[PDB]
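Single-letter residue listing:
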Amino acid sequence: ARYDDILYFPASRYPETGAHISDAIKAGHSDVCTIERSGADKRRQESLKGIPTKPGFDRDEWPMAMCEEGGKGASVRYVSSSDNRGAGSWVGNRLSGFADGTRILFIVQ
């Protein structure tokens, strides 16, 4: 009852993103994303304040900006763009049908 559905994140396919999710969760950041898409732009901005872009890398956020849990205090790490683009799309496609408020537990595999 602390989540509605599970996603098994495929660390074998996206090991650099997957390593950050695991470290961030191991660090205490929530393993549940409660989906909240309206306030994502502002969370993104909050989490990355003071962090410059880096060539060939994306600034990866856990919890993610699309989650209630995201934003200020989110773990940020530069992850290689290929890895993080694929991870992003995998997650995005899997969550696209869940309504805001749906609580998703992430297990990194």
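Residues numbered from 1 in each chain as written, not as in the entry; some residues may be left out. Heavy atoms only, no water.

As recorded in the entry header, the structure was determined using X-ray crystallography to a resolution of 1.9000 Å.

Chemist: Help me understand the state of the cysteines in this model?
Modeler: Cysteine pairs can be linked by a disulfide, which is a covalent bond between their two sulfur atoms. Within the structure shown, the criterion is met by one disulfide. Across a sulfur-sulfur distance of 2.0 Å, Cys-33 and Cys-67 are joined as a disulfide pair. One quick way to see it: the torsion about the S-S bond of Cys-33 and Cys-67 is about -95 degrees, and its sign makes the bridge left-handed. A residue pair is termed long-range when its members are at least 10 positions apart, and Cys-33 in strand β2 (residues 32-34) and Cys-67 in the loop between β3 (57-62) and β4 (75-80) qualify at 34 residues. One exposure class covers both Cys-33 and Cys-67, and it is buried. (Disulfide = S-S within 2.5 Å. Helix = DSSP H or I, 4+ residues; strand = E, 2+ residues; numbered from the N terminus. Buried < 20%, exposed > 50% of the residue type's maximum accessible area, 1.4 Å probe, protein only.)

Chemist: Looking at this structure, I do not really get the side chain of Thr-17. What am I missing?
Modeler: If you trace the backbone, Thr-17 turns up in helix α1 (residues 15-26). For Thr-17, a relative accessible area of 3% translates into the label buried. Ignoring sequence-local partners within four residues, the contact set of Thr-17 consists of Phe-9, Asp-60, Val-79, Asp-83, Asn-84 and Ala-87. (Contact = heavy atoms within 4.5 Å.)

Chemist: Mind showing me how you'd approach the sheet that holds strand β5 (residues 103-108) here?
Modeler: Pairing between sheet strands relies on hydrogen bonds along the backbone, with the strands arranged either parallel or antiparallel. Sheet architecture is open: three strands sit in the order β1-β5-β2, paired in mixed fashion. The open sheet has two free edges, formed respectively by β1 (5-9) and β2, since each of these has just one partner strand. Within the sheet, the average angular offset between the axes of one strand and its neighbour, ignoring direction, is 30 degrees. For β1 and β5, the ladder comprises five bridges, and the chain directions are parallel. Residue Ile-6 lies in a different strand from β5, and its bridge partner there is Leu-105. Across the sheet, α1 touches β1 and β5, and the angle it forms with β5 is around 110 degrees. Contacts from helix α3 (residues 81-95) reach β1 and β5, with the element oriented near 160 degrees to β1. (Pairing = 2+ DSSP bridges. Axes fitted to C-alpha atoms, helices over the stretch in contact; angles between N-to-C directions.)

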